[PDB]
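A quick note on method: Cβ atoms are made from the backbone with ideal geometry, for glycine too, and the neighbour counts reach across all protein chains shown. Every number here is computed from the coordinates shown, using simple stated rules; none is lab data.
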Amino acid sequence: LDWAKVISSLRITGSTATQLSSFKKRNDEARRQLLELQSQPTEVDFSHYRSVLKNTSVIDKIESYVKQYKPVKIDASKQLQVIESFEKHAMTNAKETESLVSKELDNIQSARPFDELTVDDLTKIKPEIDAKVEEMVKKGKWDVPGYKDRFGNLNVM
Amino acid sequence: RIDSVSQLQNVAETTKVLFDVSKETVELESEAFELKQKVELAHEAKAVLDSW
């Protein structure tokens, strides 16, 4: 019976708020209807009704038919719309975590020679650095955008 | 990673609950219909006996 985990079981999207509210209201109403109603058939006092009625053999005949069987508003488990969707939902939402979440401390596992990392090593691991520097020279921008704010320029004046 | 891992349990629980919720509605409606039909027949017989 997850109370606080069923309100936050959805993602960042607020689109499932309407679906979660409808499911909770339907479950509470169904449980309340079964507890407010009596869990038994009917009393059917034939002992005091057959001898009080005016017409002969009328209570006795009605009593016998009401205690047999009659139709009721019920269904069968043929239209399994929620059962068929359960397998598909697990196969797209719950099974996606087995390959996305599982793939996601390798940063600390590779150790850190930043005091002795070579710029040739950065050029080898990133040709993007070489291309950015080359185009930045070709257009002529000797400025470096956003360098001066965290790193002091140490011009004399 | 914590959010993605939590989603797997939540989606698996939410999938199973949907099938149970549909069964629970059908079972409550059947019991309510049978109780209402039995109470109607009892009330009709009692009212007729009490008038007679």
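Mean partner shielding of peptide A:8-14, defined as the number of other chain Cβ atoms within 10 Å of each residue Cβ, is 3.
Dipole magnitude for the stretch A:105-157: computed about the Cα centre from +1 point charges on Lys and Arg Cβ and -1 point charges on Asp and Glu Cβ, it is near 280 debye. The charge dipole of the stretch A:1-150, taken about the Cα centre with unit charges on the Cβ atoms of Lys, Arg (+1) and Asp, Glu (-1), comes to about 960 debye, rounded to the nearest 20.
Calculated mean residue ellipticity, 222 nm, chain A: -11500 deg cm²/dmol, from DSSP H runs (n ≥ 4) at -39500 (n - 2.57) each, averaged per residue and rounded to 500. Basic side chains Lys and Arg get +1 at the Cβ, acidic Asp and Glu get -1 at the Cβ, and with that the dipole of the stretch A:8-83 about its Cα centre reaches some 320 debye. Remark: the A:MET91-A:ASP2 segment gains 29.8 nm on full extension, using 0.36 nm per residue and subtracting the alpha carbon distance. Put a dot 7 Å past the Cα of B:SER30, heading toward its Cβ, do the same for A:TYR69, and the two dots end up 1.4 nm apart. Close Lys pairs in chain B, defined as Cα atoms under 27 Å apart and 8 or more places apart or on different chains, number 4. Averaged over peptide B:3-10, the number of partner chain Cβ atoms lying within 10 Å of each residue's Cβ comes to 6. The label-point distance for A:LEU80 and A:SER21, in a model that sets each label 7 Å from Cα toward Cβ, rounds to 3.3 nm.
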